[PDB]
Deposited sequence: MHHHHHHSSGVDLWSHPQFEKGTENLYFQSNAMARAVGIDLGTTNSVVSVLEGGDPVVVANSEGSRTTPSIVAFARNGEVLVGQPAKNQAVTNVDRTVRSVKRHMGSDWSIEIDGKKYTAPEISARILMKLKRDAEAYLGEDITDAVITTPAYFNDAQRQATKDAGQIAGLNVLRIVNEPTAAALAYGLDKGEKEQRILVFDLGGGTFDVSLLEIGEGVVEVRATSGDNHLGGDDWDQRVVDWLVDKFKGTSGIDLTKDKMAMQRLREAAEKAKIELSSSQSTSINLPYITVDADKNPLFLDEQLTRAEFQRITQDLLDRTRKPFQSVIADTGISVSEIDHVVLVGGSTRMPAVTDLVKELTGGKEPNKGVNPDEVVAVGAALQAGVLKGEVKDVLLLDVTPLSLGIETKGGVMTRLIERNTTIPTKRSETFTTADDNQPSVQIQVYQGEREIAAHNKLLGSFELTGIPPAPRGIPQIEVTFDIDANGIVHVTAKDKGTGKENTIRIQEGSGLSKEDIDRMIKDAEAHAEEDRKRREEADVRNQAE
């Protein structure tokens, strides 16, 4: 009955409690993550999630990505007949998460705790409750992403200073939480345009150059190929969190006669063409520290949010910034906020 929702810029996820235990529900496509993308076919059927993402490029004008960046605004999109305010759009992702979590439980849902980033304001938090209501959902309370995370690791002792390093698909947030058994967010920072999607982007570029170098063909102007490259670029990034190397092989990607794309990306190479993206993490981390006036040695815990924290380079970097402190592990780092959420929704229900 108690449910929590991570309404992310690029991906959303929904968790429900069973016993005093959080479970991360799988969407109707079999994934525990649902892209935060809403789209309107040239007919009037609404596609939400992966089916929206798949067609984003061939239907650009009717596809809305990162609607979360618009929430506390008067932003709107005109689809033939009507305007949809940001809350109306978010709602659609909530409706899909709703139909999907019902399926898994067999029963029905009407109430949830929803997370929000800590820097949100009242207009924004509110826009979030609205979308909640628009989706036949009664938003119980509403907590912020860092707090949610800490809750997933149940960090309610006595006192403590917690560092939350959150690297999502499209944003990077770093917060310093302080625990008395209450949780106040003391300092914040980030880079609103720093996400894992950028790491994947560099690999797509690398692939485009290497190929051009071989065939003299520019792929950017080919949608099918490009899509194929995004997929491949992503899996490559993934194999790199484990291997020191990965092969991209894309049979008959174009012609002139078909051409095969076959290339090997070394983790080292990967790290090299992504070094600026990673470094972009120092200053904000450092800021949060200075605001608080703390030596790194006084961080009691660090919890990593974001599937792209899985990357060795980030881990290594976090280690050095934190003075060698090991981050907590246990919860999928990109299920961590939704999990904290179902937990708070539990304290209530």
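What's missing from the model if you number the deposited sequence from 1?
Deposited residues absent from the model fall in 1-34, 192-193, 217, 294-296, 390-546.
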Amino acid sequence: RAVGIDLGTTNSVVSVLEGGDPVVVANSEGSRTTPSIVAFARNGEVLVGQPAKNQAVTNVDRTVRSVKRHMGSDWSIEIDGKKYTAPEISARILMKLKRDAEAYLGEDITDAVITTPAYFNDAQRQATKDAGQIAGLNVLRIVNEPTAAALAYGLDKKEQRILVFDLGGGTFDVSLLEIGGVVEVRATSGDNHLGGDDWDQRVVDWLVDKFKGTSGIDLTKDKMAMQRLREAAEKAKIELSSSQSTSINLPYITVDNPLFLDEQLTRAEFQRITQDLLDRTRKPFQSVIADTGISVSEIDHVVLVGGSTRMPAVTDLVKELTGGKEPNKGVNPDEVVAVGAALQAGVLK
From here on, numbers count along this sequence of modelled residues.
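Could you check the entry and say whether 271-279 or 134-142 has the higher mean CA B-factor?
If you average the C-alpha B-factors of 271-279 and of 134-142, the larger mean comes out for 134-142.
For the C-alpha atoms alone, is the average B factor greater in 39-47 or in 61-69, going by the entry?
Per the deposited B-factors, the answer is 39-47.
If you compare 195, 117, 180, 190, which has the highest Cα B-factor in the entry?
Most elevated C-alpha B-factor of the set, per the entry: 180.
Looking at the C-alpha B-factor values in the deposited entry, which of 234, 159, 205, 173 comes out highest?
The record points to 159.
Compared with the other modelled residues in the chain, in which third is the CA B-factor of residue 91?
Tercile = middle for this residue's CA B-factor.
Within-chain third of residue 307 by Cα B-factor, per the entry:
Bottom third by C-alpha B-factor.
Position of residue 293 among the chain's modelled residues by C-alpha B-factor, lowest, middle or highest third:
Answer is highest: the recorded C-alpha B-factor places it there.
Pull the Cα B-factor of residue 111 out of the PDB entry and bin it into the chain's lowest, middle or highest third.
Its C-alpha B-factor, which the entry lists for residue 111, ranks in the highest third among residues of this chain.
Considering every modelled residue of the chain and its Cα B-factor in the PDB entry, is residue 242 in the lowest, middle or highest third?
Middle third of the chain for residue 242's C-alpha B-factor.
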